[PDB]
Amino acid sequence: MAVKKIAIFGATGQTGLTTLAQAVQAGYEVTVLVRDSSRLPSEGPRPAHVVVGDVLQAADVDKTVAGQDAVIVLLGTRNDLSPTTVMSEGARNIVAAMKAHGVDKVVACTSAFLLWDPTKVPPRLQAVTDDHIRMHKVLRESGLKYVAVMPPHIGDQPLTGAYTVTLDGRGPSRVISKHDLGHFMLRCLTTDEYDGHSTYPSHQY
């Protein structure tokens, strides 16, 4: 049976917005959890269901995950680089809600730093990366079908659908367009080939 209903977390972020637009255009019935609905666009494709609330509130997460076939996680801290547990605590709530509701597929974005040499993280990004590592642990220990998406720098290049996906953080480049990253997260909904793996999408634009 194919995935039809999905929840997206972080849909108002850079990658989230284009993942959401692509998912709706592709035919998915999409639910989003957003703190502030004014951050969703009026033009273009629109989510089927909008839950207003916070990924740190279990009940809000629960309402969002109920009834879904799969979950996409594109949480982040925007330009905030201070020490943080928002992503990992959010993922804890998502896992609990998935288990409560029988949902078994999650595709979640962290970063290529979790594949590269772990002493090459730029200092200003260490705190966020530490929480990406906590989030990754939460998801891989959940006992759910988890695709870990670990992108390099996220750019603004056009959608191509022509990027390369490796399993080790080596690839044709150190950039992926936000649109291609979103396309890849949706690709992960229709294959099991990356379940239980870490993936590195990249492309030369």
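Residue numbers here begin at 1 and follow the sequence given. Take the two forms, superpose them, and find the largest set of C-alpha atoms that agree within 1.5 Å; that set is the rigid core.
- For 28-36 versus 145-153, the mean Cα distance to the shown form in 8 other deposited structures of this protein after rigid core alignment is larger for 28-36.
- Superposing the other copies on the rigid core and comparing 169-177 to 156-164, farther C-alpha placement in 8 other deposited structures of this protein marks 169-177.
- For the segment pair 26-34 and 154-162, the entry gives 154-162 the higher mean B-factor, averaged over Cα atoms.
- Averaged over Cα atoms, the B-factor as recorded in the entry is higher for 54-62 than for the other of 54-62 and 175-183.
- Of the candidates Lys105, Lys120, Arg92, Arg134, it is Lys120 whose Cα B-factor is highest according to the PDB record.
- The deposited CA B-factor of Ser88 belongs to the middle third of values across its chain.
- Compared with the other modelled residues of the chain, the Cα B-factor recorded for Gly196 ranks in the highest third.
- In the PDB entry, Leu114 places in the highest third of its chain by CA B-factor.
- Per the deposited record, the Cα B-factor of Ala100 falls in the middle third when ranked against the other modelled residues of its chain.
- Per the PDB record, residue ranking by Cα B-factor puts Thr190 in the highest third of the chain.
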